[PDB]
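What follows is a single chain, given as structure tokens, in the form deposited in one PDB entry.
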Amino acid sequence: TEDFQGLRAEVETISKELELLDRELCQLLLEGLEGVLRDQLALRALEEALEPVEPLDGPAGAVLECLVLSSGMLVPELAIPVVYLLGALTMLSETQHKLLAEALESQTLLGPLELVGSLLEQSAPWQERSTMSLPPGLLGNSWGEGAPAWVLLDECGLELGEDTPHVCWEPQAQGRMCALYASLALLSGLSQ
């Protein structure tokens, strides 16, 4: 029960809600996010930081300094966009986690978003099995087993094959794909 225009629009509006962060808050945030993706100490310390905050060290602390005023108070229109993000991460594998981190410290956020975006917009709709043919330029340097675009989708539960074919959409990939989409998306937006 979703069309991807809802998803994209839903994720788009949240993407704008973090446009508040100016420069350092913008590049210090995704810096400290990049920690919790390769480190669970921060992922689970940040997830439990929210639920009147106090100071925190390390990577999860780097994300709290953007959300808080001079008391412990989190700004709701800021704090919620990130809670929406960490949930999208709860869905992903830890392998997908390390990859996001690895795509982050490179320009390579936008490429896969365009790839996930097509495959999501191609699967018509998210329930029925779909044929889902692969976009030409977005599959990476050498596409195949180890390829960082392969294990992204593969760890969403997609059955893939070698000579640039389509890939059968199994609706069980929806939340992992919608989450890989949405997380890819928010991150690239802050890169901007």
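For every residue, the number given is its place in the sequence shown, counted from 1. For the two forms, the rigid core is made up of the largest set of C-alpha atoms that agree within 1.5 Å on superposition.
Just so you know, the form solved in complex with a partner chain exists too; it's not on screen, but the next bit is about it.
Answer option from 132, 49, 149, 66, heavy atom within 4.5 Å of the partner chain in the entry with it bound: Exactly one listed residue reaches within 4.5 Å, namely 66.
The single option of 105, 94, 77, 121 touching the partner chain in the entry with it bound, heavy atom within 4.5 Å: Result of the distance check: 77.
Considering only heavy atoms, tell me if residue 168 and the partner chain come within 4.5 Å of each other in the entry with it bound. No.
Within 4.5 Å, heavy atoms only, one stretch in 111-119, 69-77, 84-92, 97-105 touches the partner chain in the entry with it bound. Which? Contact criterion met by 69-77 only.
I want to make sure I read this right: if the two forms are fitted on their rigid core, which of 29, 151, 132, 43 has a C-alpha displacement of 2 angstroms or more between the shown form and the other one? By this measure, the answer is 132.
Residue 33 to residue 140, Cα distance in the entry with it bound relative to here: closer or farther, by 3 Å or more? Result: farther.
Pin down for me whether the residue 140-residue 93 Cα distance shrinks or grows in the entry with it bound relative to this form (closer or farther, change of 3 Å or more). Result: farther.
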